[PDB]
Amino acid sequence: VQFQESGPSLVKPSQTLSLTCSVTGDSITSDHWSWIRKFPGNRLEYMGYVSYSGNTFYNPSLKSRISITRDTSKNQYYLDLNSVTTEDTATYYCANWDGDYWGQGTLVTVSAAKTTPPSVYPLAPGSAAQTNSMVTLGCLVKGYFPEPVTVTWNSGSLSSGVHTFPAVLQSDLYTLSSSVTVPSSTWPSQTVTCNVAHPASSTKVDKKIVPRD
Amino acid sequence: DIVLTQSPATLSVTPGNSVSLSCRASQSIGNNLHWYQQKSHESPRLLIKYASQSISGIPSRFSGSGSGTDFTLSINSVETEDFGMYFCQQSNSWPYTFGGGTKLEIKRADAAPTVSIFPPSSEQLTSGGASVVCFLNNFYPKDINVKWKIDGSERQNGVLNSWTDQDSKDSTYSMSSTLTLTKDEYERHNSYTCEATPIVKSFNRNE
Ligand SMILES: [Cl-]
Ligand SMILES: [Cl-]
Ligand SMILES: [Cl-]
Ligand SMILES: [Cl-]
Ligand SMILES: [Cl-]
Ligand SMILES: [Cl-]
Ligand SMILES: [Cl-]
């Protein structure tokens, strides 16, 4: 069983947050279908569910701003949350009733601020760094809004020895780095590229890590 | 609304040992209690339903008990993959409510970090930014001390640290430490050092 959650990652204050969950490997007309959100502090909140027959239950904390509808012919269901505020900034998940199946989160940011794509800087070792059996390369991702970015190395074909660090907020913009460790003998002979995707600005940047001049 | 109180807030355990996590409900919820495991990355995994029923494909070392107001999740013979957040949820009374979570850390032998320092990229220096990045990889325990020095002198201003989650295989942490300067400040100094508490990496801007 799988969920595809779709819709904006950035919403303006007072507007409507609309998300869609596409369900595969289960019919919408059996079981119950839920929306759950996780706040930046780690607090989980059950927002509502819709039953096999179209019946809805909503968390009273949302005070009638919430609507959940379904379309049985498409195996899809919907969340409409009206009059959003910065308090609605959270990771939204679609799940079945008991949460046996629980989609990947979607981070939604409520903000008046403009989307800013990231600047990506390759981090090759210092000209005179000590050599070893392994070399660590990095990729600095600076000045983006909102979260998230997804970082991959060689479009995901280099997955071992990768550490991607959580983003930090500096002056209303996000920054993070990613490190990759490969065998010394293999670089620069077998190239290493970071790939940074920013869904909010519909942008992807690839930077090859090149030895320094 | 039913309030679910989880304890302890944090627990460290050595692999092969047991843990018992507590969930207490503000009013009776019968047996309508779920337990979940969430890594700080992915989505929660359901471990236990109806307080004590095993889910298809969950290892047998996970078991739950309780009815009414007091519940426990036990992990006998904990594995390195068992790290992460454990949450209870009550489905007896609408709205369904979650506990605050217990963070489980896996204990292992002390491990020194591998330290790598990176001067600002030539591309960054053109935009008037100068980030000096230091990676401290595969260490334990989590609470490492990172000192920056510029031309010999201790430096705290403009330093930000960020940790990965525990590694699911070897139970280590990694962290980035970034010294953000302006190009102006960067070009007025020669030597830059990050040190883990001492494991030291250094470079000279003029080299
Ligand atoms: Cl289907
Ligand atoms: Cl607002
Ligand atoms: Cl991010
Ligand atoms: Cl690539
Ligand atoms: Cl222990
Ligand atoms: Cl500065
Ligand atoms: Cl120094």
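Just the Cα atoms of the range B:1-120, one point each, no solvent: what log10 I(q)/I(0) does Debye give at q = 0.09, 0.10, 0.13 Å⁻¹?
Debye output, listed in q order: -0.28, -0.34, -0.52.
How much length is gained if the chain between residue B:40 and residue B:190 is pulled fully straight, taking 0.36 nm per residue apart and subtracting their Cα-Cα distance, in nm to one decimal?
Extra length available between residue B:40 and residue B:190 comes to 50.1 nm.
Magnitude of the Cβ-charge dipole of the range A:65-208, K/R +1 and D/E -1, about the Cα centre, nearest 20 debye?
500 debye
Straight-line reach only, C-alpha to C-alpha below 18 angstrom: list the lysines that residue B:169 could link to, leaving out same-chain residues fewer than 8 apart.
Those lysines meeting the cut-off are B:39, B:103, B:107, B:142.
Which FRET efficiency, nearest 0.05, do residue A:16 and residue A:160 yield, Cβ-Cβ r, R0 35 Å?
0.25
Remind me, what semi-axes does the protein assembly as shown give for its equivalent ellipsoid, largest first in whole Å, using sqrt of 5 times each Cα gyration tensor eigenvalue?
42, 26, 19
Measure out, as a whole number of angstrom, how far apart the alpha-carbon centroids of the range A:150-209 and the range B:146-160 sit.
If we compute the Cα centre of each part, the gap is 26 Å.
Treating chain B as a set of equal point scatterers at the Cα positions, no solvent, please give the Debye-formula log₁₀ I(q)/I(0) at q = 0.11 Å⁻¹.
-0.66
Report the Cα centroid-to-centroid distance between the range B:50-77 and the range A:5-50 in angstrom, as an integer.
Cα centres, the range B:50-77 to the range A:5-50: 27 Å.
With r as the distance between the Cβ atoms of residue B:81 and residue B:156 and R0 = 41 Å, compute the FRET efficiency 1/(1 + (r/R0)^6) and round to 0.05.
0.65
Taking the highest mean first, how do the peptides A:98-109, A:13-24 order by number of other beta carbon atoms within 10 angstrom per residue?
Highest to lowest by the protection proxy: A:98-109, A:13-24.
Applying 1/(1 + (r/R0)^6) with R0 = 51 Å to the Cβ-Cβ distance of residue B:202 and residue B:168, what FRET efficiency is obtained, to the nearest 0.05?
Approximately 0.95, to the nearest 0.05.
Going Cα to Cα from residue B:149, which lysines come in below 28 Å? Please leave out same-chain ones fewer than 8 positions away.
A:142, B:183, B:201
Give the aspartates and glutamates reachable from residue A:12 as a straight Cα distance under 13 Å; neighbours fewer than 8 places away on the same chain don't count.
A:87, A:88
Does anything in the range A:1-39 have its amide N under 16 Å from the 7 Å Cα→Cβ label point of residue A:172, and if so which residues?
A:11-13
What does the extension gain come out to for residue A:203 and residue A:127, with contour length at 0.36 nm per residue minus their alpha carbon separation?
24.2 nm
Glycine gets a Cβ as well: all are built from the backbone with ideal geometry, and neighbour counts include every protein chain shown. Just so you know, all these numbers are worked out from the coordinates, no wet-lab data involved.
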